[PDB]
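Below you'll find the structure, written out as structure tokens, and then a few comments.
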Amino acid sequence: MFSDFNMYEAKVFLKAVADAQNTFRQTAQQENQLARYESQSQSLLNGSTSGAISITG
Amino acid sequence: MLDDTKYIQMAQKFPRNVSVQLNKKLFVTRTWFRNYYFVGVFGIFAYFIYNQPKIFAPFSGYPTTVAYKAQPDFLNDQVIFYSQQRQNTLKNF
Ligand SMILES: CCCCCCCCCCCCCCCCCC(=O)OC[C@H](COP(=O)(O)OCCN)OC(=O)CCCCCCCCCCCCCCCCC
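Sequences listed follow chains CI and CK, in order. So for the first sequence, the deposited numbering puts the first residue at 1; every next one is plus one. So for the second sequence, the deposited numbering puts the first residue at 1; every next one is plus one.
What follows is the structure, given as structure tokens:
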């Protein structure tokens, strides 16, 4: 259809676009994962201190 | 027609109690020469045929692979891993 040169141009550009979308995903996931870990740790601390649960072993 | 008279006679009339003892050492020597020329000569060809496809076509021999994802564990300085089974497939042609 198109010369091989244009096909490889398209391949490179598509690789870059996929990498950009992965960059968006990585940024959002890292931020929310840090927030999640903080929230879960705080929840476990509050639970143990409040006497709601006992965490042993 | 070939004049097979004497061979026909030999076939018809052969002794049925004559046997010869065989020197075990010489029999073993010849057989182990045969083994030497099988393992060390034809073995090369056989191993090439058996293995070369496994070198130039490796993806068909390992069907399933594993992938990992990791998360930190700050309060314990650990790393938590989640595994996943995948079909081992080509990638980045
Ligand atoms: C996990 C557990 C595994 C266990 C594995 C166990 C393996 C056991 C193997 C036993 C091998 C016994 C070999 C015995 C050879 C005897 C030879 C013999 O009787 O003839 C002697 C003859 C002497 O030669 P000549 O020049 O006439 O000199 C006169 C000397 N009086 O000699 C000759 O003329 C030359 C003789 C050549 C002998 C060639 C031997 C080739 C052996 C190939 C073995 C391949 C095994 C592959 C295993 C794969 C495993 C993944």
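Virtual Cβ for every residue (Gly too), placed ideally from N, Cα, C.
Residue i in three-state terms, based on DSSP
i                 : result
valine 28(CK)     : helix
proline 72(CK)    : strand
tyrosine 50(CK)   : helix
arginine 16(CK)   : coil
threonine 49(CI)  : helix
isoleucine 8(CK)  : helix
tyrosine 36(CK)   : helix
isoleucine 55(CK) : helix
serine 83(CK)     : strand
Contact list for residue i against chain CI, beta-carbon separation under 8 angstroms
i                : result
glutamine 52(CK) : Within 8 angstroms Cβ-Cβ: nothing; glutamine 52(CK) doesn't reach chain CI, min ~31 angstroms.
Neighbour list for residue i in chain CI, Cβ cutoff strictly below 9 angstroms
i                : result
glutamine 71(CK) : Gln33, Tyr37
Per-residue contacts from residue i into chain CK (C-beta, under 9 angstroms)
i             : result
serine 50(CI) : The contacting residues do not exist; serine 50(CI) stays about 18 angstroms from chain CK at best.
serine 41(CI) : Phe74, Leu75
Member of the options whose CA lies at the smallest distance from the CA of residue i
i                : options                                    : result
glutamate 31(CI) : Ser83(CK), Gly43(CK), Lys13(CK), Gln71(CK) : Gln71(CK)
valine 66(CK)    : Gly43(CK), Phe33(CK), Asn88(CK), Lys13(CK) : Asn88(CK)
I need the residues with a C-beta less than 6 angstroms from some heavy atom of ligand 1; please give them in chain order. Those residues, listed in chain order, are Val28(CK), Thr29(CK), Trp32(CK), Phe33(CK), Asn35(CK), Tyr36(CK), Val39(CK).
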